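Asks:
Residue numbers (PDB author numbering), protein chains in the order written: chain I, 150 to 198; chain N, 248 to 297.
#1: Can you tell me whether residue 252(N) is buried or exposed, with buried defined as 16 or more other CB within 10 angstroms of its CB?
#2: Which residues in chain N sit within 8 Å of residue 179(I), going by Cβ to Cβ distance?
#3: Go through its chain and collect everything with a Cβ distance to residue 179(I)'s Cβ below 8 Å, but skip five positions before and after it.
#4: Kindly provide the ranges of any beta strand (DSSP E) runs that are 3 or more residues long and lie completely inside the region 153-191 of chain I, ordered along the chain.
#5: Excluding the five sequence neighbours on either side, which residues of its own chain have a C-beta within less than 6 Å of the C-beta of residue 294(N), listed in chain order?
#6: Identify each residue in the region 158-185 of chain I for which the Cβ-Cβ distance to at least one residue of chain N is less than 8 Å, and report them in chain order.
#7: In the structure shown, what three-state DSSP assignment does residue 286(N) receive?
#8: In chain order, what residues of the same chain have a beta carbon less than 6 Å from the beta carbon of residue 260(N), not counting five sequence neighbours either side?
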């Protein structure tokens, strides 16, 4: 099963999938992801879209 | 209420409260109820409670 990245949309306040052409067309509410630990450093992450 | 409007944040929105007696304070987690009227996207007035 392929996992696609999800990005927050400030205008509608929902986690909407990137990769519009070939991807899931579902949008999830906030509170799905709750952050309480230290985040991943920006240097390690790879940029997509 | 006076005014209410949204914020650029993901979560919150801003609200004034108007005339209040001096000996009063608010703590986080308090709940407020109101019946207010807004303008729909189509341009028609509506009413709601929250």
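Virtual Cβ for every residue (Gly too), placed ideally from N, Cα, C.
Replies: The structure says:
#1: Numbered from its first residue, the second chain carries residue 252(N) at position 5. When all chains shown are included, residue 252(N) counts as exposed.
#2: In the first chain, counting from the first residue as 1, residue 179(I) sits at position 30. Ordered by position in chain N, the residues that pass the 8 Å Cβ test against residue 179(I) are 257, 258.
#3: Residue numbering aside, residue 179(I) sits at position 30 when the first chain is read from its first letter. Closer than 8 Å at Cβ, skipping near neighbours: 157, 162, 163, 164.
#4: For the region 153-191 of chain I, whole beta strand (DSSP E) runs of length 3 or above, ordered along the chain, are 155-158, 163-166, 176-178.
#5: Taking the first residue of the second chain as 1, we reach residue 294(N) at position 47. Answer for residue 294(N): 284, listed in chain order.
#6: Close to chain N, meaning a Cβ-Cβ distance shorter than 8 Å, are the following residues of the region 158-185 of chain I: 159, 162, 179.
#7: As a working note, residue 286(N) is residue 39 in the second chain. It is a strand residue.
#8: Here residue 260(N) corresponds to residue number 13 of the second chain, with the count starting at 1. Excluding positions up to five away in sequence, the list reads 253, 254.
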